[PDB]
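The chain that follows stands alone, in the form solved without the named molecule, written as structure tokens.
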């Protein structure tokens, strides 16, 4: 129906009045979603996603229709788009959409993408993450207040003690995501081991409130630090992505002070653009220092001296032919 000029690249856009979020009515159309992404796709969202391969969580007929989690780029796609070869945990490879320009994000939205799921690597170095992900995930009986509390009161002081800087965002669900920008010199195995040592230390400092137990039955009313989010090919909403919630919540980057009193429902595709106006980017300095895993990998070796090694991968998580044997779940 229309051709959009997205930072000098023309992008085809159709069906503006298709309803994606039925509780929002007029405010929950595909047009309002694309309008939201147009509002953020040329700002800090692009910088955070630049050169990353992404997977697309698509809802072509709204969040109550069928869901298509798209990893490989479709065999037929616009000429300008760039792709990057990603390696799945089986060893299989595929051409994934690479975010190189605001038009990349708007094309995704035109295809019904509600949520972008970026890899933790930058192309071309798909071997070494430049990001360690801390996923504070409330289990049944807990919610966002537990997540923000542990994030601000336990995790942030620990990072300060280690000489590390973390950047938090709401997940858009009940949880909190914290990013550590790191030098891309460690592979997925070592970044994940570093995240496990960090998770174990947060758990030691707040054992009544935090768990790393692989078995959900053993977790109780605690936050799970999902250490397996640093494995390959795990869903993880990008900063500024809209989520599959009834009110179209957005994964919102915040400062540590904002997070302390934050409510994730405050940030939606209808509220975020006005909230960003005049406000300093709390993640403005994230790329300013590429940090070493040195402190966390020392914690890993220390844990090995306590008799604490690797933790199990997610259930049925594929493995590569020559990959070292993994730790199996207990019982």
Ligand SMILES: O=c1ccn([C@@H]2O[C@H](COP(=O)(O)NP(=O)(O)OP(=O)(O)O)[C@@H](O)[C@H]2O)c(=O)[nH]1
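Shifts are known only where both forms have a C-alpha. The term rigid core refers to the most C-alpha atoms you can superpose between the two forms while keeping them within 1.5 Å. Numbering follows the first chain given and starts at 1.
This protein has a second form, the form solved in complex with the named molecule, left out of what is shown; the following refers to that one.
Site check by superimposition: the named molecule, modelled from its position in the deposited complex, clashes with the backbone and C-beta atoms of this form, with 3 or more atoms inside 2.4 Å, and the site reads as blocked. Relative to the named molecule in the deposited complex, residues 122, 128 and 191 are all farther than 4.5 Å at every heavy atom. Looking at 101 to 109, 156 to 164, 80 to 88, 231 to 239, the stretch with residues near the named molecule in the deposited complex, meaning non-hydrogen atoms within 4.5 angstroms, turns out to be 231 to 239. Residue 201 falls outside the set of residues with a heavy atom inside 4.5 Å of the named molecule in the deposited complex. In the deposited complex, none of the heavy atoms of residue 181 sits within 4.5 Å of a heavy atom of the named molecule. When contacts are judged by a 4.5 Å heavy atom cut-off, residue 148 does not count as touching the named molecule in the deposited complex. Although the partner is absent from this view, residue 222 stays clear of the named molecule in the deposited complex, with no non-hydrogen atom inside 4.5 angstroms.
Once you line up the core between this form and the one not shown, the Cα of residue 14 stays within less than 2 Å of where it was. Shown here is a form in which the CA atoms of residue 325 and residue 312 lie at least 3 Å farther apart than they do in the deposited complex.
In contrast to the form presented, in the deposited complex the C-alpha positions of residue 326 and residue 125 spread farther apart by 3 Å or more. After superposition on the rigid core, a single segment of 3 or more consecutive residues displaced by 2 Å or more at every C-alpha between this form and the one not shown is found, at 315 to 331.
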